[PDB]
Each structure stands twice: as structure tokens, then as C-alpha cells.
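Please treat every number below as a calculation from the coordinates, not as lab data. Because the Cβ atoms are built from the backbone with ideal geometry, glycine has one as well, and the counts that use them run over all protein chains shown.
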Amino acid sequence: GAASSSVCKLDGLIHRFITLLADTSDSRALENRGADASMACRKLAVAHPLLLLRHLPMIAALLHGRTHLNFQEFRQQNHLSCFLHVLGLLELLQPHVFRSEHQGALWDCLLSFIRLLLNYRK
Amino acid sequence: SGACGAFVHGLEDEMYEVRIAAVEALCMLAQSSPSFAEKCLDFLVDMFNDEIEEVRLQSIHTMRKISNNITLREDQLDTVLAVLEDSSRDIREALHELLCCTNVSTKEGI
């Protein structure tokens, strides 16, 4: 029933936090903000895993968007922090991310990860 | 060999009939092969800067025809949105037909 045409009372807020998580720059203040965002999102993952998985295609699309950028700007912009945060979040959503409904966005996220691995294999 | 840049010479040719025929050839070949289409996006983008209006219209229509597989980058997107500024209504309509089918990677592109 997680894919139903329904509105959660908390979905917009986790959307706000996941935007804060993904969007970052070279600023260490923004990195602290992203770390706090990862903390809150991770606590929500361990506490309410089903809610986050409904927002999986969003973060999948963001991962798709961020993959092209070359290695030097990828490391300088701290995009590796975002990548390891989303990877840890997916790990902490362990027994539920493998369902059929979450399969497509999961494959999208994994596609972004392997594309990153191929592009910066040097 | 002397076969290098055959389509480069065709698209840079001084007669718009030759360039239109080259555009059609690019359309058919891209409908056959997607990798060639990805390679030749940039030259189509150059044809969107073409001085002849009919060449621009036909290149845009072919790009629309072959957009189903390719995906653009920020350079391609800003160049495409640049020609959309142009005054002639028909080419703007052609850009509108193009954007209906075009792909995009980054949200900033949208």
C-alpha cells in the first residue's frame, strides 16, 4: 500500500531534509548542514523506513543528475560526501529496499553508483 | 584516408540543399544507430545556428525525431534554449516540438 495515492503527514518534511542532504557545495557550513541532514534522515530511516522509501525515486533522480561531473570537481564540491551518505542510508534501509515497488528507483541509484565508479576509475 | 569529415564537409557546404540532404542522412542513420546520434548531436546544435531558416527547421525536426535515446548536457541545453529566443514564429514552434521529446539529466537543466 505504500505506492497508493495517499499523502503522508511527514513526507514534505523529509523531502525538505533530503533536499538539504543532496544540495551541497564546497562550504563547510553547508557540509555541516548536510551532515545534520544525513543524521536526521538516518534516524528517520531506522525509525520509519517505509516513509523514506516512498521518496526513493527523487533521490535516485538527484543521483542521476550528479553523476556526470568530473572527478576533480566531484571531490572538491564534496559530492563524495553526498554519495557516501545516500549509500549509508540505503544500507540502513536494508530489508525493505529490495521489495518490488522500490526495485526501479533502487536500480536507478545503483546505476548512478556504477556510473560514478566507471567514470573516475583512474 | 580522404573519407574523414564527409558529414563535416556536407554540413559546412555552401548550398542549403546539400545541408538539408545531409540533415536527412543524419536522421536516417541516427534512427539506425544511437551511438552515432550521440556523437552527432553537436553538429545538429551547430545547424541550429545555421543562417538559412529552412535548414534550422529541418535540423530541429530531425533532432526531435532522434531524441528518444540521446540525453543532452548543459552546453547543449543552453545552446538549444538560445535559438528559441529567435523572432521567427515557425522556428520557435519547431523548438517547442523538439523540447516535447528531448531528454535531460540534471534538474538545473529543467
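Of all residues in the stretch A:65-75 being hydrophobic (A, V, I, L, M, F, W, C) and in a helix (DSSP H, G or I), which is farthest from the other protein chains (Cβ to nearest Cβ)?
A:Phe71
Restricting attention to the stretch B:78-110, and to residues there that are of a type in the set (A, V, I, L, M) and not in a helix (DSSP H, G or I), which single residue is nearest to B:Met47 (Cα to Cα)?
For the stretch B:78-110, the residue satisfying everything is B:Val104.
Mind checking whether some residue in the stretch B:95-104 is over 14 Å from the mean Cα position of the chain (by Cα), surrounded by 13 or more Cβ atoms within 10 Å (Cβ to Cβ) and under 30 Å from A:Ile59 (Cβ atoms)?
Yes, because at least one residue in the stretch B:95-104 is over 14 Å from the mean Cα position of the chain (by Cα), surrounded by 13 or more Cβ atoms within 10 Å (Cβ to Cβ) and under 30 Å from A:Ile59 (Cβ atoms).
Just the residues that are basic (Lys, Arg), part of a helix (DSSP H, G or I) and either within 14 Å of chain B (Cβ to nearest Cβ) or touching a residue at least 24 places away in the same chain (Cβ under 8 Å) (or both), please, taken from the stretch A:37-54.
Across the stretch A:37-54, the qualifying residue is only A:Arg42.
Assess whether B:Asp46 counts as being in contact with a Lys or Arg (Cβ under 8 Å, 6 or more places away or on another chain) and more than 14 Å from chain A (Cβ to nearest Cβ).
no
The conditions are (1) away from chain A (no Cβ under 14 Å); (2) β-branched (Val, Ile, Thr); (3) touching a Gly at 6+ places or on another chain (Cβ under 6 Å), and B:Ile52 fails exactly one of them. Which is it?
(3)
Given the conditions (1) of a type outside the set (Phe, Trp, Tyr); (2) in a helix (DSSP H, G or I); (3) in contact (Cβ under 8 Å) with a residue 40 or more places away in the chain; (4) over 30 Å from B:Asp75 (Cβ atoms), report the number of the one that A:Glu91 does not fulfil.
A:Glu91 satisfies all of (1) of a type outside the set (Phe, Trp, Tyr); (2) in a helix (DSSP H, G or I); (3) in contact (Cβ under 8 Å) with a residue 40 or more places away in the chain; (4) over 30 Å from B:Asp75 (Cβ atoms) except (3).
If we scan the stretch A:94-106, do we find a residue that is among the β-branched types (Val, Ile, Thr), within 13 Å of the chain's Cα centre (by Cα), surrounded by 14 or more Cβ atoms within 10 Å (Cβ to Cβ) and part of a helix (DSSP H, G or I)?
Within the stretch A:94-106 (the criterion being among the β-branched types (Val, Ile, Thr), within 13 Å of the chain's Cα centre (by Cα), surrounded by 14 or more Cβ atoms within 10 Å (Cβ to Cβ) and part of a helix (DSSP H, G or I)), the answer is no, since none of the residues qualifies.
Under the condition of being outside any loop (DSSP other than H, G, I, E, B) and loosely packed, with under 15 Cβ neighbours inside 10 Å, which residue from the stretch B:66-77 is nearest to the other protein chains (Cβ to nearest Cβ)?
Looking at residues that are outside any loop (DSSP other than H, G, I, E, B) and loosely packed, with under 15 Cβ neighbours inside 10 Å, I get B:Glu74.
So if I check each of A:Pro57, A:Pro95, which one is farther than 16 Å from A:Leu116 by Cβ and within 14 Å of another protein chain (Cβ to nearest Cβ)?
A:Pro57
List the number of the failed condition for A:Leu62; all other conditions in (1) in a helix (DSSP H, G or I); (2) in contact with a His (Cβ under 9 Å, 6 or more places away or on another chain); (3) surrounded by 15 or more Cβ atoms within 10 Å (Cβ to Cβ); (4) within 14 Å of chain B (Cβ to nearest Cβ) hold.
All conditions pass for A:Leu62, except number (2).
Condition first: acidic (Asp, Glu) and surrounded by fewer than 16 Cβ atoms within 10 Å (Cβ to Cβ). Now tell me which residues in the stretch B:42-65 satisfy that. Full working, then the answer.
Let us first name the residues in the stretch B:42-65 that are acidic (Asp, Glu), namely B:42, B:46, B:50-51, B:53-54.
Matches in the stretch B:42-65: B:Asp42, B:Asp46, B:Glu51, B:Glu53, B:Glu54.
Looking at (1) more than 14 Å from chain A (Cβ to nearest Cβ); (2) under 24 Å from A:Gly65 (Cα atoms), which one does B:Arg92 not meet, given that it meets all the others?
(2)
Which residue pairs have Cβ atoms closer than 7 Å, lie 6 or more positions apart in sequence or on different chains, and pair a first residue in the stretch A:61-79 that is hydroxyl-bearing (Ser, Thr, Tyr) with a second residue that is assigned to a helix (DSSP H, G or I)?
Filtered contacts from the stretch A:61-79: A:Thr67/A:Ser112; A:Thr67/A:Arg115; A:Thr67/A:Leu116.
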